[PDB]
């Protein structure tokens, strides 16, 4: 079986240039790669927060160290997601916030600290879960850096960056290593009798041929959905948000500092993201069209940040769900042309490089053994489903009942059996779980606990086992005190996030 020789990527967004970079890297020899992107169809223009796997899975694989790509794309640090006004009836006189922190929660004699915390709360302990079980939240309040002045990491973290800059940075990297860039527009996809893609017809009359096609054409899915007619499974019965009004907002970094985390500010009919970096923060009101109008949501967004009726905006709508099959015949969909959940928790770009990782692990020859694509397609479903569960958990758990949108999340969502089971185990007092392993069950006990406890849904009781383990309870107190010590050191030890980034220019 002859190997793949010519690859064509359709799309010049983040997805296409990640695909181009990764593939040019994975395929040392016998690989000609061409990417074509329409000068007249813009990128989506968002996608600026991430999760920890980005470096280990994507950039490391490219051989691009964190200190090299960060300053090139206005990179900033994301130590958490701060959730604001999610907990219940928004009250401007009450501080309703909680963090979803990255990183592992320690175990004490095989039991997560979360569960010793719950036991204490039962005895009247007032401190919130994440402030007792992690050392860094207080520092986040102080908008400090996730690492020392000298660059030594001090807490688990991901990244923020400029979406357009990232795409451009990879475009340069990829082109430099042999990727052929073509600024042009596909207008016809031709299929042989078998149903495979033979070539693309462009607006300037070019005919592009290839063995393998990567569809990174974004939500229109030029190859996978339209040409190959693979159905998209709409899942707006699982999740309500289908729109966003977004913009970049200037920040007075000198007076207000740079927050080392993404913020999720709950709204009337959705929520608003805040992704800070030097000079400004990306922002966007994610909402459901069925509970508010774009006009109405736009006014809410402008009001939230005190913006003016002249502020140019990025109006977006998106589909929620996944292709029935991500890879069909000789076409692999990657990016918005494949699956999407709303930007809560930031899984979009992870879907890109996780899919690319799976693609290489299932790489075909020109005979396109269906066993390979089927195995690939099944991994995508798992990856997507795991995240859909976690995202959904932010919603049907809410105690907010003040608008139709929150009522609908409370009562009207379709839930997978998988999330039902986890919730049932959680409520019973049981701990949840504590790359290939990461792609696998990426969201652990700690993550679900940050969310559930932040939202004010606690288990029915502490673990029955703990009543037999007074020693263990004692050791846990020691671990709590230790955490409290580290928290204090960091306060006087970490530079401000603002100052640290500036020291990176």
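Numbering follows the first chain given and starts at 1.
**Q** Does the chain run continuously from residue 315 to residue 316, or are deposited residues unmodelled in between? Answer none, 1 to 3, 4 to 9, or 10 or more.
**A** Going from residue 315 to residue 316, the model skips no residues of the deposited sequence.
**Q** Going by the average Cα B-factor in the PDB entry, point out whether 177-185 or 417-425 comes out higher.
**A** Per the PDB entry, the higher value belongs to 177-185.
**Q** If you average the Cα B factors in the entry, which is higher, 305-313 or 221-229?
**A** Averaging CA B-factors over each stretch, the winner is 305-313.
**Q** When the CA B-factors of 330, 262, 398, 193 are compared as recorded in the entry, which is the largest?
**A** Comparing C-alpha B-factors across 330, 262, 398, 193, the maximum falls on 193.
**Q** Per the coordinate record, which of the options 54, 70, 455, 463 holds the highest CA temperature factor?
**A** The record points to 70.
**Q** Classify residue 112 as lowest, middle or highest third according to the C-alpha B-factor given in the PDB entry, relative to its own chain.
**A** Bottom third by C-alpha B-factor.
**Q** Divide the modelled residues of the chain into thirds by Cα B-factor and specify which third, lowest, middle or highest, holds residue 269.
**A** Its C-alpha B-factor, which the entry lists for residue 269, ranks in the middle third among residues of this chain.
**Q** How does residue 477 rank on Cα B-factor within its chain, lowest, middle or highest third?
**A** It falls in the middle third of the chain.
**Q** For the chain shown, is the CA B-factor of residue 346 in the lowest, middle or highest third of its modelled residues?
**A** Middle third, going by the recorded CA B-factors of the chain.
**Q** Which third of the chain does residue 138 land in by C-alpha B-factor: lowest, middle or highest?
**A** Tercile = lowest for this residue's CA B-factor.
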